[PDB]
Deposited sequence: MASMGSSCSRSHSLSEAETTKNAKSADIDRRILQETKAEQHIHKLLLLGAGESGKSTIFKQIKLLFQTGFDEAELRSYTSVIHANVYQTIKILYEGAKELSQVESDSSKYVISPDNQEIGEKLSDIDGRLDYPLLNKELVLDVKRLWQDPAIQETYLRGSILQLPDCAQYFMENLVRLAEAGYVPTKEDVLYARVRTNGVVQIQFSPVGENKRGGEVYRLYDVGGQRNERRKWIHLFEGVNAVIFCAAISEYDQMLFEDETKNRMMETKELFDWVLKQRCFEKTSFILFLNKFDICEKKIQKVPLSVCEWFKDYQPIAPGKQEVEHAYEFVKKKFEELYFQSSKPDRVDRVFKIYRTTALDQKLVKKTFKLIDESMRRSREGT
């Protein structure tokens, strides 16, 4: 019955966790969405907060990002909020907070947050219930362990099965935390390190290759050979490049060869019913 979620950075494991929550019951789902609006509101408020803080700092350190002077008085009420406690007047402020191009070139430097910036007025009014997409895009800092038991059987996010989330699209990107390191390389480092440890030998392994939609969008412009792991790559399309990444993920797994159980899944975490399928396939596969 046991499943554990392991990933690196923005692997999407919490998103998998979230939409398994919307998909399965976990009957209430009350107002689950309704309890989650406070969260959603929060990211709206600290997103334009970090956006505002950026523009001024970069303006001080770089020869100009200049804000509109009349905005500062409504602009720093933002800093006056501080999220003291779970927080249409604010949407009129925030839209009228945004208009300077400065803070969007600081933006054009969290991809989910821009969505929220496209849906304020729907969130504004009292008759608001978040869509399923609002829940998925909502960012909740994961504190501790989260247990969910449900039957179509507990899922953990921070054991009979380890779901490893590898965001194949991250091959372009360096680490957000470390500009030197590459996230695909850190995924390989993490994946290898998890495979080597003696505490998950008994555990069955399921691998998710996430953010595939970004992969099909991005592959046609940036070569996959940028990655040192994928430097071997030379095209003839999308399916082959994806299966190429599989090869690497395969051969990497099998080199940890001691004289059991392995599965790989093509996943998009931000859409659901692609994902329902994935769970259907592994829960029927989890025989014995």
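Comparing the deposited sequence with the modelled residues, the stretches lacking C-alpha coordinates are 1 to 42, 107 to 109, 133 to 136, 159 to 164, 208 to 217, 224 to 239, 318 to 322, 346 to 349, 379 to 383.
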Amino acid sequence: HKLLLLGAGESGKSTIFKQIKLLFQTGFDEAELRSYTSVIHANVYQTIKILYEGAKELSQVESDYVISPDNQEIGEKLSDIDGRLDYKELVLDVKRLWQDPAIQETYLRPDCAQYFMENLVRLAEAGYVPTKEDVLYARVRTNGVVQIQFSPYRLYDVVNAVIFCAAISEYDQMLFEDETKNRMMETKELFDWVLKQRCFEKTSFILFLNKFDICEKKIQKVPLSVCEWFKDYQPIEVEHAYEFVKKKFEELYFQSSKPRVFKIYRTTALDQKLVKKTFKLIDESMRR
From here on, numbers count along this sequence of modelled residues.
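For the pair 67 to 75 and 167 to 175, the record assigns the higher mean C-alpha temperature factor to 67 to 75. Looking at 122 to 130 and 207 to 215 together, the entry lists the larger mean B-factor for 122 to 130, computed on C-alpha atoms. Across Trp193, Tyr156, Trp98, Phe200, the greatest Cα temperature factor reported in the deposited entry is at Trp98. Highest CA B-factor among the listed residues (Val261, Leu224, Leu51, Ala31): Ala31. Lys188: CA B factor in the lowest third of modelled residues in this chain (values from the PDB entry). When all modelled residues of the chain are sorted by CA temperature factor, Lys231 is found within the lowest third.
The deposited CA B-factor of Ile16 belongs to the lowest third of values across its chain.
For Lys280, the recorded CA B-factor ranks within the lowest third of the chain. Only modelled residues enter the ranking. The PDB entry assigns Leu136 a C-alpha temperature factor belonging to the middle third of its chain's modelled residues.
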